[PDB]
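Novice: so I pulled this structure from the PDB, and the sequence comes with it:
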Amino acid sequence: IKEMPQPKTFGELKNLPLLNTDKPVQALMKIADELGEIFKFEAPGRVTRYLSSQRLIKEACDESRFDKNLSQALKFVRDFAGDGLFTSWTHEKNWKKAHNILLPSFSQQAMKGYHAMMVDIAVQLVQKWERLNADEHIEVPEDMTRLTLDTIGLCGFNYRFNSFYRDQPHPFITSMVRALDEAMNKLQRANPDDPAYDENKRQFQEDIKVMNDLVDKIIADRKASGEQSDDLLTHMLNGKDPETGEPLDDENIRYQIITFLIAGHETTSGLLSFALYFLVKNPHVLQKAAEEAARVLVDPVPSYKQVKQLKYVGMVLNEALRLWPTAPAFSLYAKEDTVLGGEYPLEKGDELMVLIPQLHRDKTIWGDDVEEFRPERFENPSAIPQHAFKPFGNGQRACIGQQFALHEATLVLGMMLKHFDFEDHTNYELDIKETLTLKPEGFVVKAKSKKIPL
Ligand SMILES: CCCCCCCN1CCC[C@H]1C(=O)N[C@@H](Cc1ccccc1)C(=O)O
Ligand SMILES: C=Cc1ccccc1
């Protein structure tokens, strides 16, 4: 039985001021570097334990002993995402009900049905880059956000955000980003009801109304469509829980739409941004991925079957999720008194945070070269220890969108590598912006067309 270390404290504020930074996940990774596989982190009236080793996280992933917890970040996001799938407790009726109703929207048959609309948006991205002038550059995270928002809008809801028709972010995005930054900034506040934050609260409520106004319009656009969609919104409005026999009610549907619009794009745009970053910093890897794209994508319009054959592009995306998992933590609570790693006794209700980027740097798993971008690490899933690689979370509360995100990202990165040579013209220094999620900031490249027709 060991006592766990704890980072520096600030009297009655305990560890809370360590979150007073624009890059709190990166700050917690540096604390994990110093303190090791487990540390205690306290705020007034609250306690959690940050896990960084596969040795402890494999036990935390035992669903008989630990369930999904709402982190403070998720409690703040619940102000607008309610009892949607991401911010519901496992024991809330609406979690298993929505899970049962929406899981078929991510079947192989559903993915084949989404493919053509993913191609619609991917082609808009390729055309945008084909149409840039000499020595114009690409704003990578900006364009990846245009693509991933438009893809979830069109595939999920038959709604066109038309993000490639805008030089400024879609108003949905401006409000969503400001809501997430507010949720992140609020983590450090000991006295959140201090009138000093009255303006923050006004702006937050304004951003929530902007997101609900867009949901209103999507629900209206479908009500009056009088056309046969069989998409995510079809299942939300018409699907029945095989268990309870009931459909989702209007309040829960609104929360699911907000949830899928945010979760269905923010993390995928980060993944694509980090993937292109690693490819231009690792030219040998880029060449191998581009050779696969050229050999497989033999038609002007990629097919579902062809994207499934981009195996190396799939490994590039897993290796980008290893180094910078874009949803960089998840939280667990102990269902009963238990002992972690034979050393750390926990009581029922005790909370854990899984620090995913630090898990993915465990030298006992990946070897000494852990900072190197090597997609070949993923050649054989059987050679990776259990729970070493957790970018989609765990168990029945794992990402419902995993195959959607990876199909989209594989299709898009395949078309990017088929159609362009990329240049890191600024020798970009990686700068990771935090909005709860992680994304490169200020990442720019030049794309020289290979002049291959669409
Ligand atoms: C939206 C998908 C990503 C969510 C990631 C959330 C993960 N946080 C994103 C920012 C930092 C990181 C995190 O460690 N947060 C803890 C912070 C906290 C711990 C103890 C007491 C008070 C507050 C939390 O929110 O509880
Ligand atoms: C439900 C909120 C959310 C926010 C960011 C990423 C994924 C999900």
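Specialist: All right, it came through fine. Numbers count the residues shown, from 1 in each chain. Ligands and ions are numbered 1, 2, ... in the order given.
Novice: excluding chain neighbours, what is closest to the closest residue to ligand 2 within the stretch 251-400 of the chain?
Specialist: Of the residues in the stretch 251-400 of the chain, the one nearest ligand 2 is residue 263, at a distance of 3.5 Å by C-beta to the nearest ligand atom. C-beta: built from backbone N, CA, C; applies to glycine. Nearest residue to residue 263, sequence neighbours excluded (C-beta to C-beta, 6 or more residues apart in numbering): residue 86, at 5.4 Å.
Novice: the one you found against residue 74, yeah?
Specialist: Yes. Using C-beta atoms under 8 Å, residue 86 is in contact with residue 74, at 7.3 Å.
Novice: more neighbours, the two?
Specialist: Neighbours around residue 86 and residue 74, counted as other C-beta atoms under 10 Å, are more numerous at residue 86. The numbers are 25 against 19.
Novice: where along the protein do the strands fall?
Specialist: If DSSP state E is used as the criterion, the strands of the chain fall at 38-43, 46-51, 66-69, 138-139, 329-334, 338-340, 344-346, 351-355, 420-423, 432-435, 437-440, 444-449.
Novice: show me which residues of the stretch 201-350 of the chain sit near ligand 1.
Specialist: Near ligand 1, the residues belonging to the stretch 201-350 of the chain are 327, 329 when assessed by C-beta under 6 Å from any ligand atom.
Novice: out of the strands of the chain, flag the one nearest residue 414.
Specialist: With C-beta to C-beta, the closest approach to residue 414 among those belongs to strand 420-423: 11.8 Å.
Novice: just checking, what packs against that closest one?
Specialist: In this structure, strand 420-423 makes packing contacts with helix 266-281, strand 444-449, judged by 3 or more C-beta pairs under 8 Å, 6 or more residues apart in numbering; DSSP states H and E.
Novice: which of the ones you listed sits most buried?
Specialist: The highest average neighbour count among these, using mean count of other C-beta atoms under 10 Å, belongs to helix 266-281 at a mean of 24.
Novice: by contact count, what packs against that helix?
Specialist: helix 140-157, helix 283-296, helix 311-323, helix 402-419, strand 420-423, strand 437-440.
Novice: show me what contacts the residue in the stretch 51-200 of the chain positioned nearest to ligand 2?
Specialist: Proximity of the stretch 51-200 of the chain to ligand 2 (C-beta to the nearest ligand atom) peaks at residue 86, 3.6 Å away. Applying C-beta atoms under 8 Å, 6 or more residues apart in numbering to residue 86 gives the contacts 74, 77, 259, 263.
Novice: ok, 10 Å please
Specialist: Neighbour list for residue 86: 68, 70, 74, 77-78, 255-256, 258-260, 262-263, 327, 393, 397, 399-401 [criterion: C-beta atoms under 10 Å, 6 or more residues apart in numbering].
Novice: shared neighbours of residue 86 and residue 74, anything?
Specialist: When contacts are counted by C-beta under 10 Å, 6+ apart, residue 86 and residue 74 are jointly contacted by residue 68.
Novice: wait, isn't residue 335 in contact with residue 65?
Specialist: Yes. Counting by C-beta atoms under 10 Å, residue 335 sits close enough to residue 65 to count as a contact (6.0 Å).
Novice: kindly report the residues of the stretch 51-200 of the chain close to ligand 2.
Specialist: Residues of the stretch 51-200 of the chain that fall close to ligand 2, judged by C-beta under 6 Å from any ligand atom: 77, 81, 86-87.
Novice: for the closest residue to residue 428 other than its chain neighbours, give its distance to residue 450.
Specialist: Nearest in space to residue 428, with sequence neighbours left out and distances taken as C-beta to C-beta, 6+ apart, is residue 443 at 5.6 Å. Taken as C-beta to C-beta, to the nearest Å, the spacing of residue 443 relative to residue 450 amounts to 22 Å.
Novice: give me the more crowded residue out of those two.
Specialist: Each of residue 443 and residue 450 has its neighbours counted (other C-beta under 10 Å); residue 443 has more, 25 against 12.
Novice: from the centroid of the protein, which residue is nearest?
Specialist: If you average the C-alpha coordinates of the chain and look for the closest C-alpha using C-alpha atoms, centre = their mean, you land on residue 267, 2.8 Å from that point.
Novice: need phi/psi at the closest residue in space to that residue that isn't next to it in sequence.
Specialist: In space, residue 267 comes closest to residue 326 once its chain neighbours are excluded; the distance is 4.2 Å by C-beta to C-beta, 6+ apart. The phi and psi values for residue 326, taken as degrees, to the nearest 10, are phi -80, psi -20.
Novice: wait, residue 326 touches residue 317, no?
Specialist: No. Here residue 326 does not reach residue 317: they are 11.1 Å apart, not a contact under C-beta under 10 Å.
Novice: one step back: and which of the residues of the stretch 51-200 of the chain next to ligand 2 is nearest ligand 1?
Specialist: With C-beta to the nearest ligand atom as the yardstick, the closest approach to ligand 1 among those comes from residue 77, at 6.1 Å.
Novice: which of the contacts of residue 86 are buried?
Specialist: 68, 70, 74, 77-78, 255-256, 258-260, 262-263, 327, 393, 397, 399-401 (16 or more other C-beta atoms under 10 Å).
Novice: ok, residues contacting stretch 212-227?
Specialist: 80, 153, 156-161, 170-172, 175-176, 209, 229, 231, 233-234, 236-237, 250, 253-258, 261.
Novice: sorry, back to before: for the residue nearest to residue 267, list the residues it contacts.
Specialist: Residues near residue 326 by C-beta under 10 Å, 6+ apart: 266-274, 320, 356-357, 391, 405, 432, 437-439.
Novice: next: residue 70.
Specialist: Residue 70 makes contacts with 76-78, 86-89, 331, 333, 351, as judged by C-beta under 10 Å, 6+ apart.
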